[PDB]
Amino acid sequence: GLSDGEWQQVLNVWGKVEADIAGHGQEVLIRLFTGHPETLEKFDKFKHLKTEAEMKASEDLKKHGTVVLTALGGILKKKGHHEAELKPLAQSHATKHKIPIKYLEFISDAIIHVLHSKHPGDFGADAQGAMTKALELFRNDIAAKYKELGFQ
Ligand code: HEM
């Protein structure tokens, strides 16, 4: 649960991402895959990537980065009223992709890392607090659907 001031910060920060959604999305996924290599195993179409250079050079990875952040941004722009948007993602990730909620924690922190990396000194304490809360909300609502489905 976020305040309007906090949502304001979230969507302010998101404007940064939208100026270069492919660049951000790429770096988020790279941070995830290199930080937590077991995550790479969940992607049949990325499991071939051994090195970060190959990751950096992958246009399909950038493409998927765009799809992921486009989806996330759509959800964030709802300011918490995202049930319709989130349910199919929760379902596909639990039932088709089999993604444990732990990996959603991983990518949440990765987004935080990337924002600091791409905007050093431009991602303030208040901004981090708001973004972190937004991602926690996202995660928590997914976790509820996972419980429903009995998915671990
Ligand atoms: C902010 C978090 C995330 C968002 C918004 C997101 C969104 C999406 C979307 C929109 C798709 C394509 C449609 C679909 O299959 O539902 C997708 C596919 C997929 N996602 Fe996620 N995702 C997130 C996190 C993750 C994480 C953390 C993992 C694994 C570590 C993951 C694994 C996958 C896989 C394996 C696919 C299918 C890829 C393919 O073969 O095309 N996702 N995701």
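The deposited coordinates, according to the entry record, derive from X-ray crystallography at 1.800 Å resolution.

**Student:** Hey, could you run me through the overall build of the chain in this one?
**Tutor:** If you tally the helices and strands in the chain, you get seven helices and zero strands. Of the regular secondary structure in the chain, the N- to C-terminal order runs α-α-α-α-α-α-α. Counting over 152 residues, the chain shows a buried share of 39%. If you take every contact in the chain between residues at least 6 apart in sequence, the share linking residues at least 24 apart comes to 74%. Roughly 8300 Å² of accessible area belongs to the chain as shown, and the carbon and sulfur atoms make up 52% of that amount. Positive and negative charge centroids in the chain, built from 21 and 21 side chains respectively, lie 4 Å apart.

**Student:** What am I meant to see in the nonpolar core here?
**Tutor:** Generally speaking, nonpolar side chains in soluble globular proteins are found buried as a group. In terms of nonpolar packing, the biggest core is built from 44 residues, with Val10, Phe33, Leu61, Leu72 and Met131 touching the most fellow members. Elements with a minimum of two residues in this core: α1 (4-19), α2 (21-35), α4 (59-76), α5 (83-96), α6 (101-118) and α7 (125-149). Once you skip the residues sitting within four places of it in the chain, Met131 turns out to touch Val10, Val13, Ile112, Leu115 and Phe123.

**Student:** Explanation requested: the site of the ligand in the structure shown.
**Tutor:** Around the ligand, a shell composed of 17 residues is seen, among which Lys42, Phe43, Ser92, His93 and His97 lie nearest. Interatomic distance of 2.9 Å between a side-chain N/O atom of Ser92 and an oxygen atom of the ligand. Here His97 contributes a side-chain N or O atom positioned 2.7 Å from an oxygen atom of the ligand. Among the secondary structure elements, those contributing two or more residues to the shell around the ligand are α4, α5 and α6. The dominant element in the shell around the ligand, judged by the number of residues it contributes, is α4, at five residues.

**Student:** Can you help me understand the UniProt feature "binding site: nitrite" in the chain in this one?
**Tutor:** The sites that carry the UniProt feature "binding site: nitrite" are, in the present numbering, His64. Mapped onto the elements of the fold, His64 is located in helix α4. In contact with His64, not counting residues within four places along its chain, are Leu29, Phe43, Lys45 and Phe46.

**Student:** Explanation requested: the pattern of salt bridges in the structure shown.
**Tutor:** Should the charged atoms of two oppositely charged side chains come close, the side chains can pair. Applying the stated criterion across every chain yields a total of ten salt bridges. A salt bridge links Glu59 to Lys62; the shortest N-O distance between them is 3.9 Å. Note that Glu59 and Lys62 are positioned in helix α4 at a spacing of three residues, about one turn of the helix. On the basis of relative accessibility, which here comes to 29%, the residue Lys62 falls in the partly exposed class. Linking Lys102 and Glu105 is a salt bridge whose minimum nitrogen-to-oxygen distance equals 3.3 Å. Of this pair, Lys102 and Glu105 both sit in helix α6, three residues apart, which is roughly one turn of the helix.

**Student:** Explain the side chain of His24 here, please?
**Tutor:** Along the chain, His24 turns up in helix α2. Overall, the relative accessible area of 4% leaves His24 in the buried class. What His24 contacts, discounting residues up to four positions off in sequence, is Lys16, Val17, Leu69, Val114, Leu115, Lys118 and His119.

Conventions used here
Residues numbered from 1 in each chain as written, not as in the entry; some residues may be left out. Heavy atoms only, no water. Helix = DSSP H or I, 4+ residues; strand = E, 2+ residues; numbered from the N terminus. Buried < 20%, exposed > 50% of the residue type's maximum accessible area, 1.4 Å probe, protein only. Contact = heavy atoms within 4.5 Å. Areas by Shrake-Rupley, 256 points an atom, 1.4 Å probe, with all protein chains shown as cover. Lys, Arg positive; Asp, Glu negative; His and termini not counted. Charge placed at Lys NZ, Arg CZ, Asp CG, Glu CD. Core = buried A, V, L, I, M, F, W, Y, C linked by side-chain atoms within 4.5 Å. Near = heavy atom within 4 Å. Polar contact = N/O pair within 3.5 Å; in protein donor to acceptor, adjacent residues only side chain to side chain. UniProt positions renumbered as here; feature names shortened; annotations may be inferred. Salt bridge = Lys/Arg side-chain N within 4 Å of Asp/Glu carboxyl O.

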